[PDB]
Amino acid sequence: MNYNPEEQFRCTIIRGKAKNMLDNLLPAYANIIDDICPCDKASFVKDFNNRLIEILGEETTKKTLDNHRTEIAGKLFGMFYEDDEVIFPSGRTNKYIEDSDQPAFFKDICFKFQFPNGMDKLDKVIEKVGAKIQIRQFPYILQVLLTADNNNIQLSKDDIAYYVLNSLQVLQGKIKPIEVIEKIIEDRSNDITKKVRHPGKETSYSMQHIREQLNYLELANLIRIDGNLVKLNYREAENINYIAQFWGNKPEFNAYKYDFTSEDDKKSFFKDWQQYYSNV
């Protein structure tokens, strides 16, 4: 009730590195990890980077290699985890190694994603927790898209940006998808269109994490993003419906049971997040 999208909140995900070359990089990440793990952390860094540089090219800096390892293979794709000082392949990696199913890899990412989460830097976690954010955003997006179709309208990427993925109230879990749809219909009837932009900032700051969230849903074969519209792929109706049905659920991983001024909890938060996100 009282949905007001005017309350806006930038809520990022990790910036991508693997989209352009995904069909080479995803097998590389997985095979590197499967081959060299389990192993000690020190060995992992060296051996991972030495293999990845053969894919990315000899001119690639160590910093870039490290960032691929930590940001993408580790955090965003959840491909390995640590336990008692040894690095292991994750459940998600193990499954992909058996089935080679790239859409299923991304379906699982979309199923598990939430805000808040343990991908973010601690200061950003504290911000999101301070704002009372709690949402499973991919179930939610899918339900918004179903509800749009049920009401005979179609949504643009900008609609999903402003009304959903940058809306504080939606991200707080306060708003039903039908409220979003009804508001979009009213706004359009008043010739109001909306976009997400930030003062003095380039469009990547405002939109790249929004576009890229949608990309993962497209890689899962659940939607198709064209120049104008974001549309469901009803060939995958069974998966769309299964995932959409979680739209009203609290996040499976509860960020609010951690004390982020406690040194022990800070550490448990990130470890427990990785176990939830990466493993079965």
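One-based numbering along the sequence shown.
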- prompt: Taking the recorded C-alpha temperature factors, which stretch has the higher mean, 104 to 112 or 184 to 192?
  reply: 184 to 192
message: Going by the mean C-alpha B-factor recorded in the entry, which is higher: 85 to 93 or 169 to 177?
response: 85 to 93
field: Selection by C-alpha B-factor (highest) of 218, 212, 66, 58
entry: 58
task: From the list 242, 247, 253, 29, select the residue with the highest C-alpha B factor recorded in the entry.
output: 242
- request: Within this chain's modelled residues, let me know which third the CA B factor of residue 78 belongs to: lowest, middle or highest.
  value: lowest
CA B-factor ranking of residue 139, expressed as a third of its chain: lowest
message: What third of the chain does residue 118 rank in for C-alpha temperature factor, lowest, middle or highest?
response: lowest
query: Based on the entry's values, in what third of the chain does the Cα temperature factor of residue 153 lie: lowest, middle or highest?
result: middle
- prompt: Relative to the other modelled residues in the chain, which third contains the C-alpha temperature factor of residue 164: lowest, middle or highest?
  reply: lowest
